[PDB]
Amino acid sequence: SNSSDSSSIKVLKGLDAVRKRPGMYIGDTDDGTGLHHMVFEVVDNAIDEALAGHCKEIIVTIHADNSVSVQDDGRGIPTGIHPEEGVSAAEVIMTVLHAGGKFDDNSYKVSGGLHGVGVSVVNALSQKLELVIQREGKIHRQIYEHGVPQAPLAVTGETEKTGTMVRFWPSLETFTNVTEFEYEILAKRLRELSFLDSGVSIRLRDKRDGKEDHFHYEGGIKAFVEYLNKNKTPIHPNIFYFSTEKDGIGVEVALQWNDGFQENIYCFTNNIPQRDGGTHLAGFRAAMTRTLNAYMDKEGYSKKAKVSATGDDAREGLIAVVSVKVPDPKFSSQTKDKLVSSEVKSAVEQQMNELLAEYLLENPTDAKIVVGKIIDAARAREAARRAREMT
């Protein structure tokens, strides 16, 4: 009719569709976030090996030629010929969307990975990708150029070591504006990951200027909160912390208040951060609001001060880390920005409701100092409300 022939229907094979529409896969290819998510897509997979108790060291290097390599010491990507595909499993996971060992809990009981597209997306959006896999006594190597394998995966040598090293050179045909890696952006994620995974040595090297770091904090998310408050001024001594595992879901929370008025809840799901929060954030906020007000009410603070007390008043100056371990998580996007697994909200809420209530009662000084802050917040808030009329 109007160029509406059957031939007007174009089918994009292989990785063509991701290069064509990088947005739904990698996110923002302009503001520099999707470019860094490229390093993160690889790292996450290494962290997944760490979760399964395999990888205990990860080395991220920014090279002078504007490429990053992520080397881990896990089991290594499977190298054997695929039973259904005909080429090495290594090649399958790199060239096929929705191909991966994370479609069940057989290789990874709990993992951030689940889409079977992460590393293939990086490979697709890369001018070149070098893959070196050590496992089953052999060193394996394979070079890619825009997702297309240059030769079949080759056994280049012998080794007793196990591991996977993926080095990629992002395609500037995809990424614009921000085209070079930024050390600090990598350092932040890597540092938190270290806090989230004690025992895992994470080294960050920058071959452009020689800078480097070695994150191996062992204090967990409690030390993480301490870190988040370093150039802050916490108002109470006892960081509220708990780590439960109920109905197959793990919820770990560490939090503390400061004298500032900024709210900062860092939410994670199987170590993947949720910029857009989600069900865990929801369960956490509803739980903290119910609990804090419940304490103010039963303790008469609400009565004393006739204070409203809202979530916002409560979250003012809050530094909290909420990490959940979910067997089969759900994300509303490929970049795991929002957690949509409904069952998680209750999981976090139940635990926050019970355990935080306990915290308040067990830590009177802390509870009081915090309640004061809330009341004061509710006061200044409504004072400003009344100040509208009293202009």
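The first residue of the shown sequence is 1; numbering continues from there.
Comparing the deposited coordinates for 266 to 274 and 216 to 224, the stretch with the larger average C-alpha B-factor is 216 to 224. Relative to one another, 115 to 123 and 237 to 245 have unequal mean CA B-factors, and 237 to 245 is the one with the higher figure.
Taking the PDB entry at face value, the top CA B factor among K303, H146, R191, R75 belongs to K303.
Set against one another, the Cα B-factors of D105, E84, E180, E158 in the record reach their highest point at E84. Compared with the other modelled residues of the chain, the Cα B-factor recorded for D259 ranks in the highest third. The deposited CA B-factor of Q351 belongs to the highest third of values across its chain. Among all modelled residues in this chain, the alpha-carbon of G80 has a temperature factor (C-alpha) in the middle third.
Split the chain's modelled residues into thirds by C-alpha temperature factor. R315 is in the highest one. Compared with the other modelled residues of the chain, the Cα B-factor recorded for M24 ranks in the lowest third.
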